[PDB]
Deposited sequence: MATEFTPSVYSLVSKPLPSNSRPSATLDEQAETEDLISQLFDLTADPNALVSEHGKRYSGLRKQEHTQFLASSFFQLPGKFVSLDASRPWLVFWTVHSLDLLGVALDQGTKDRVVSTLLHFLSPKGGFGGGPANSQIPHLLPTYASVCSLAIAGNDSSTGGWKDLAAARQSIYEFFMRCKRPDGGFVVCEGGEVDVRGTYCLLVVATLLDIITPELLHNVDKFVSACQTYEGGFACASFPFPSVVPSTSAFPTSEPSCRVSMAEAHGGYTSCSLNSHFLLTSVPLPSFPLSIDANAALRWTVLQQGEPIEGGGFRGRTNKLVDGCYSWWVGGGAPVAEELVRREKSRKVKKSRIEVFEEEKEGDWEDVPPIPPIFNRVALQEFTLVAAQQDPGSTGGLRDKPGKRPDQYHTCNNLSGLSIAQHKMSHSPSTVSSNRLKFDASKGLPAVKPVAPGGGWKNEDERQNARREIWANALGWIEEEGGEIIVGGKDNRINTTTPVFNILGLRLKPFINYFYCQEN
């Protein structure tokens, strides 16, 4: 299973060549190469049968990482006030990381998570980054809060899911107030427009059964025009006029974080049965860009976030986790005109184990690179990317077919009332067909039998996350089943 995933220790490590042309980019690159390669040199090869004497052991220090996260359920120092508008992300990074690490929260602690998040929910729609009496709703905390309730909540009267169900119409109305005619969304009232907002909104709308035609109009075009000449995606596209722009232009360079959001957004839109929708992307170019961002052996096989910048553990999720999505879109196009791993699944795990863990006997946590303090965000995204590398994920047409066969369209929550009179589905046949396709495809990701690769032995294995959503399948399935009234 590893003929095409060579270990970093089995390859010749050499610096990026200079061509006798120094520059600031190269100064930083060469210095980072020295940092990462020296730590690998001090660390026993994880693929060895008996670990080498005198060298650091690279096993995943799961209990250290659990202790690092435990601060969240007590308190954070004052110097992190810079995250005061991102407290739902602190929740999500913590509780998804604990899921990945296989550590259960007791029910009292889960109830505190639910109650805290429901205090962030505004009656007129959406979650803010903090208490609703202090912060206005925002698309990004709304994703983080919804996913956190999937991880920590339940279907009882104190489980928070019933409050989410009652909030569906107001959340939908918030989403529509955010919508621009060109297909972008502002992230909050008076806020910025970019594909992070589109991604967070489409995930939540998919999960809560609040997708309508008026919500989606031009969203596919906004996202598609974010693709750059490099094949990844920028943060946003600009509509040149004369809802009906004459053309759209990408506004910055291809980036791992916006490429993840764009690929995931486009993938969610391919489930929607609208005519000539979604506008296509160049999937081949996106797959090429993805694999080109995995670093060389001298930089430990981690991913960079853009061309000629530095590798960073959090892109294991943003770029590594986009790979199965790009792969599936390529597969669809190859068939529509009518297998070895697509990135180095082994090298990415070696980067996680050797370079991205905090040094042993310390605070625990995972980090960007050696020399950087660990934090909750890099802990979550290193582990989410590690999961994608360990477990071969694919979107299964036969699984989607089986999902269609078991869907019960007579069961469901009340249809959302559209803002504009003609903004809904044409009739029940069309709305129910949309619900079926969107639910059945959201539940189409599988781990492939016999595709597992656990570098360093089975004690390093973590749980399997879902591509696009980034929560465990065992969380996604009962959560989305709740809102669609399936069982």
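Unmodelled intervals of the deposited chain, in order: No C-alpha coordinates exist for 1, 244 to 253, 350 to 370, 520.
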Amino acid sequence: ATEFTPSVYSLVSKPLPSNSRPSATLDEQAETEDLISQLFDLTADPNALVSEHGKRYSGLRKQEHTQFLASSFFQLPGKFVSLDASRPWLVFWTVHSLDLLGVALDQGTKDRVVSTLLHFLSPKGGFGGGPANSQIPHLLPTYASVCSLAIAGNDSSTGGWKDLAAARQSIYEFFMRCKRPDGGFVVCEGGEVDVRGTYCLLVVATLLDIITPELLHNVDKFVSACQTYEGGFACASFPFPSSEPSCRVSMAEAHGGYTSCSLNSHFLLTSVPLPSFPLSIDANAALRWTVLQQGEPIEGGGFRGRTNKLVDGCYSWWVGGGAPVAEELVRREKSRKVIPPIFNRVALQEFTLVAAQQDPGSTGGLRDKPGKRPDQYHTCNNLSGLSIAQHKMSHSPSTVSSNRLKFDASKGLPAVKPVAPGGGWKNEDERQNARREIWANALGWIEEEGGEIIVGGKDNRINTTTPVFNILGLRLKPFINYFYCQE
From here on, numbers count along this sequence of modelled residues.
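So that the term is clear: the rigid core is the largest set of C-alpha atoms that superpose within 1.5 Å between two forms.
Which of 71 to 79 and 274 to 282 strays further in 7 other deposited structures of this protein - Cα RMS after rigid core alignment: It is 71 to 79 that deviates more in 7 other deposited structures of this protein.
Residue 401 coordinate gap across at least a third of other entries: It is not, since residue 401 is included in all of the other entries that model both flanking stretches.
At least a third of the other entries leave residue 107 unmodelled: No, modelled in all of them.
Between the two ranges 78 to 86 and 166 to 174, the one averaging a larger CA B factor in the entry: Comparing 166 to 174 with 78 to 86, the higher average CA B-factor belongs to 78 to 86.
Mean Cα B-factor comparison, 302 to 310 or 153 to 161, giving the higher one as deposited: It is 153 to 161 that shows the higher mean C-alpha B-factor.
Highest-ranked of 294, 145, 246, 352 once sorted by CA temperature factor in the record: Of 294, 145, 246, 352, 246 has the highest C-alpha B-factor.
Highest recorded Cα temperature factor - choice among 220, 333, 368, 230: Of 220, 333, 368, 230, 333 has the highest C-alpha B-factor.
Cα B factor band for residue 113 (lowest, middle or highest third within the chain): For residue 113, the deposited C-alpha B-factor lands in the middle third.
Entry-reported Cα temperature factor of residue 463, expressed as the chain third it lands in: Lowest third of the chain for residue 463's C-alpha B-factor.
Chain third (lowest, middle, highest) by recorded CA B-factor, residue given as residue 394: As the PDB entry reports it, the C-alpha B-factor of residue 394 lands in the middle third of its chain.
B-factor third for the C-alpha atom of residue 73 within its chain: CA B-factor rank for residue 73: highest third.
Lowest, middle or highest third - CA B-factor, residue 261: Ranked within chain, residue 261 CA B lands in the lowest tercile.
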